[PDB]
Amino acid sequence: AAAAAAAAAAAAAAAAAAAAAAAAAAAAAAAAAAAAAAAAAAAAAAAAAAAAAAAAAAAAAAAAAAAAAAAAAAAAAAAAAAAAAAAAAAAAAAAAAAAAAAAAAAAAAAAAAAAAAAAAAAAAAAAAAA
Amino acid sequence: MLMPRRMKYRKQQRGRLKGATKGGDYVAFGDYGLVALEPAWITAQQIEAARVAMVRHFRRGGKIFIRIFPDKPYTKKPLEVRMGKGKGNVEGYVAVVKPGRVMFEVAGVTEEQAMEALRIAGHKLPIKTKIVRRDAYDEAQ
Amino acid sequence: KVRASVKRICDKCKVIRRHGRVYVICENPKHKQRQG
Amino acid sequence: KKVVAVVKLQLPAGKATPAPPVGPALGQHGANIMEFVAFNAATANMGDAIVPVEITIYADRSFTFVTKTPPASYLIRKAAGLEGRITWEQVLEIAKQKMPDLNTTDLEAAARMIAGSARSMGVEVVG
Amino acid sequence: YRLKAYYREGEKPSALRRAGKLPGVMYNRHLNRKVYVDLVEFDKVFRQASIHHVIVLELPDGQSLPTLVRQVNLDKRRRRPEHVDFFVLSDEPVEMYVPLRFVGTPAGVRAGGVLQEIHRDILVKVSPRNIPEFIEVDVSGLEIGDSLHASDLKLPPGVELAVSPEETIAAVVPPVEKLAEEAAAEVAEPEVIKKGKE
Amino acid sequence: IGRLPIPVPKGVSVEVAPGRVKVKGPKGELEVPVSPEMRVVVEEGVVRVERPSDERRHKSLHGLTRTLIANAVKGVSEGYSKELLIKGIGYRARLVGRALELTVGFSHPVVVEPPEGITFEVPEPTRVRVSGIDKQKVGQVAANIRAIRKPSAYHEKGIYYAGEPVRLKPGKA
Amino acid sequence: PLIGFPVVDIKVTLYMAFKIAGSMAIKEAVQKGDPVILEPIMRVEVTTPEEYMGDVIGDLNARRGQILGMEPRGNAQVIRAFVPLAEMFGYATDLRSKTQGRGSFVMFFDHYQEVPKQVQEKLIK
RNA sequence: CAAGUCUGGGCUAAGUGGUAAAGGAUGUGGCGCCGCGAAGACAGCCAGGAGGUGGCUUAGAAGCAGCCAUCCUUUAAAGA
């Protein structure tokens, strides 16, 4: 059986595009509002991406397979990862701290990230939004 | 129902249900078939009950192939008479069927349908039956 | 309830053997069977 | 005395009667169930076609309501002499009329939702 | 398609079958040798291969021969093979059975009704350099009566049919509303060919 | 199986014979039968159970045996519980002594003396909880109570487990 | 011919003495014409709190009916339908059981129409 | 009731053995040969399961009466 295949091929390209992957937990509200943080965070991020919400334990074995070195401060959990490798991001996360932070019982959480290429912390990133 | 239109002889001897099938044993037309696991005289009314149940199940659609044909006369003496006085009158007609005979065969329907239809029909038969698809039945040469 | 071919009727229906013999039970009680 | 609401009704064009579902859901609203028949002013233009609506109440016992666009199967029936066919542009015209609703904000995508609704009513798309 | 095959001397075809081995034979104008194969390995291959595609026979020595199956003899009771005749190919226009691929939706199935694939093979003369797979067949014209056949089929180069043609290869045919006229019918009265004087 | 390793807490002694296994603790002691086809004896900070072979007899008794234990261990650190709703008009429950007097529309109220090891509460007058060390006993008495006036079957009458019922949407009528 | 009730809804085209001939002609035409029994159908509108609608309608269908529609009237809800007069016996008390005595209904002759091929034999009787 | 409570390996748990068929069945043991599994659902469990919203008939058929068609959208993934 396949030990990391056509799903790595898409994640280790769409996330081997640049060096600013930002990681989040996003599954926990009605998809009306979910398919409108993802169609809405196109108003702050480029190409055609808000998140790739794909398999941790395949997001894990790609950030290592493609040299990009551990996002392993939060690589566990329900990991959605707002890929800003194909994006126009810096304060695009600044415009991602309202619509699912101050909206729900905490709808979209930060977790781990890459600033240019060296690794951005959790609260030193979360607070970086304001 | 189903019975010869003409005949040289009106009554025939009972004979035997022997091995084999002789022929009739690979599919040939449809995608699925119903094969006989035991010998038996299959009556015209059995074949018909079967065929009809077959069509109820695919209400419009599909084709049914009836590969057996009852051309053997079933005799039975009048009720409560004795032995002798000659051979009984024909009560009906049977098709002789030995193990491995493909009896029915359907096509033009889903697997779900043919399975289900052939199961029903085979419930109308006096014998154990198996259903089949199309393997080594490419029995051209 | 009591007959010779005991089959599952619905999806929730559950074949069980017990006290010797084969039962069925769906959540819907009409489907409750026993061989006999 | 009733509490708050975000009512998601679904009323057609013209016949606006306080009859349910404009009764059980809008009895906790104090809703002007006749300040809708506001509607046939904006849809005195159109004429037909259902118009979705969301009526929200507050504390002082006042109401509100914003409406979406008419069924995707509507504009397609008139654009074919139906109760026919539409070109690769006449599909790209309609996907504009409902682009602030569907989900996509494209037309290579949006049009296909319309082109899909083509075989939903048996109406070929002129190529 | 490969298939480990072996050589049979002169000992009782019952045993092999009993073992697990489908007894058989390869032959052609030149050759003729008794051989068995694994029944279980032979079934895996012959289900995809059928008589249509070439099966290669790897003997003990390493000699891989391409072969077509000419004949598989069944058991009747148990739809089960008893024997294979392997035809060993050479430099030859050989006669063989090539799949038709009925591709298209016939306009007479869309109109209710059924495609009866009379023939799923046609018998062709052809040299083993060019064994086609499919011979795909234009179907989509056929309305719920008419029935294309013979050579109304595109034949790739050097391929040429050793049938008639005329031999019918496909009909589309009519498919519960007629079970009343059927049940009613209850007619005829079986007639005995008059023997006798006259 | 669910032959994981169990987990002995605070003040539980876990004795062990060839056929049995005693479990002491803050809420009491319990004797727990066991197939001698498994070999458990008073084990570490946690109790573990193996089986000789992987026959079907065996696998079955495993887990069966681990659970029997485990329920015993939870019994003795407070494993009482499971409560009864009585639903419907005149129906209500009170304690008379330790014994339990349900009025449920029969002509006289029924009383239910609680067996050994088992205690009845009646917080509300229509909620009722059965409390014991054992477990299978709690279950048994739970059911005897329930079966005094079972639900439903056309109404929201009778006495229920907390964990809820269908109604048969019947002849109004 | 069948039960002996009036014959209706037919066009005769002609192409003491005269009397006996029409009388024996048509008497026969109706047999050769291969007849069918018609039976009164009442237009019914029943009025029910909406609670009960499904069961009410279900029972109308069970009465061999054909529902025609449903509007409100004030606090409750009306259902219009056609049902054969025959199956409408004791309707009011069946209805009252299905509506906890809150339903009412009214009934007016509407048309005649042929039967369900079950009766007739069970009506030549 | 004369001679093995003989030896080695299986099966059976019904007193089957020690009375019967179609048929039914997580009985049990064994042989297959296909899937799935460091692209960590097998089972439980926590989420999601959504847009276009469907054509027809029918009083009403809107994923679910029964008939034609199974076409896209945003997707992690959601069947007309």
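Note that chain C carries Swiss-Prot numbering, so the residues on display, from first to last, are 2-37.
Heads up, the Cβ atoms here are built off N, Cα and C, so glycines get one too.
DSSP classifies C:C14 (Zn(2+) binding site) as coil under the three-state reduction. Here Swiss-Prot flags C:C11, C:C14, C:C27, C:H32 as Zn(2+) binding site, drawing on similarity to another entry.
Surrounding the centroid of the Cβ atoms of C:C11, C:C14, C:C27, C:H32, where the record places Zn(2+), the chain contributes additional residues within 8 Å, namely C:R9, C:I10, C:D12, C:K13, C:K15, C:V25, C:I26, C:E28, C:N29, C:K31. Taking Cβ-Cβ distances under 8 Å and a sequence separation of 6 or more, the neighbours of C:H32 (Zn(2+) binding site) in its chain are C:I10, C:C11, C:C14, C:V25, C:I26. Residue density at C:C11 (Zn(2+) binding site): 12 other Cβ atoms are found within 10 A of its Cβ, drawing on all protein chains shown.
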